[PDB]
Amino acid sequence: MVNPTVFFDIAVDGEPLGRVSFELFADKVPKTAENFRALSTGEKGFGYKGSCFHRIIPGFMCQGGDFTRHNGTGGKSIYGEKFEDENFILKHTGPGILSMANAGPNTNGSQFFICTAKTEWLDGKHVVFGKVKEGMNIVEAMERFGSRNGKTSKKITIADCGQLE
Ligand SMILES: NC(=O)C1CCCCC1
């Protein structure tokens, strides 16, 4: 029926900041949207709750989802360690776009990023699968703890997450 909505409750050094919610585009990328949905509810017995945004670059993006190595080298999908690029129907049009991190063709896992600018050079290379719905102000707040090389000045965590609606 209706595209799912998920939330993240963000904290900064363990202090609550606020909530970001996302629309996931199951109508266009059902397999990639499902992966992110189920990681967010934790229903397969693993997922995003307690993980961090390990790399944040102001004027670029906030990246997270590495719940096995905590640093951009780990993570796994609900389909296996890696899965294929589903399609590239949606493009990186500006701030708020949710897209899959990868290390080569057909290597999607659990890592994702939230754009904070237009990143058109990733079109056709990273699968876009959602967008921030509410709390873009919380994303901009998070983004101020990043740096040019992406190291964060305070620890940015998903204190809680799950499905709304
Ligand atoms: N190689 C990657 O997955 C990165 C692409 C640029 C945005 C952060 C994820």
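The analysis underlying the following values was restricted to heavy atoms, covering all of them including side chains, and did not include hydrogens, waters or symmetry mates. Each residue takes its place number in the sequence, starting with 1. Order of listing sets the numbers, starting from 1, for every ligand and every atom in it.
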[Y] and [X], any side-chain heavy atoms less than 4.5 Å apart:
X      : Y     : value
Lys76  : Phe67 : yes
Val132 : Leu98 : no
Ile78  : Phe83 : no

ring-ring contact (aromatic ring centres under 6.0 Å, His included) partner of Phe129, chosen from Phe25, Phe36, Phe112, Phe88: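 Of the listed options, the one satisfying the test is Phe36.
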Atoms in ligand 1 flagged as close to [X], the criterion being non-hydrogen separation under 4.0 Å:
X      : value
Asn102 : 1 (N), 2 (C), 3 (O)
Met61  : 8 (C)
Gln63  : 8 (C), 9 (C)

Please classify the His126 to ligand 1 contact at 4.0 Å (heavy-atom distances, strictly less than): side chain, backbone, both or neither.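 Near ligand 1, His126 shows its side chain, while the N, CA, C and O stay back.
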Write out the residue and atom name of the closest protein heavy atom to atom 6 (C) of ligand 1, then the distance separating them to 0.1 Å.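 For atom 6 (C) of ligand 1, the nearest protein heavy atom comes out as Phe60 CZ, 3.7 Å.
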Count I, L, V, M, F, W, Y as connected when their side-chain heavy atoms are under 4.5 Å apart, and connections chain through other members. Are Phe113 and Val128 then in the same cluster?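 No, because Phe113 and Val128 fall into different hydrophobic clusters, even though each may have its own neighbours under 4.5 Å.
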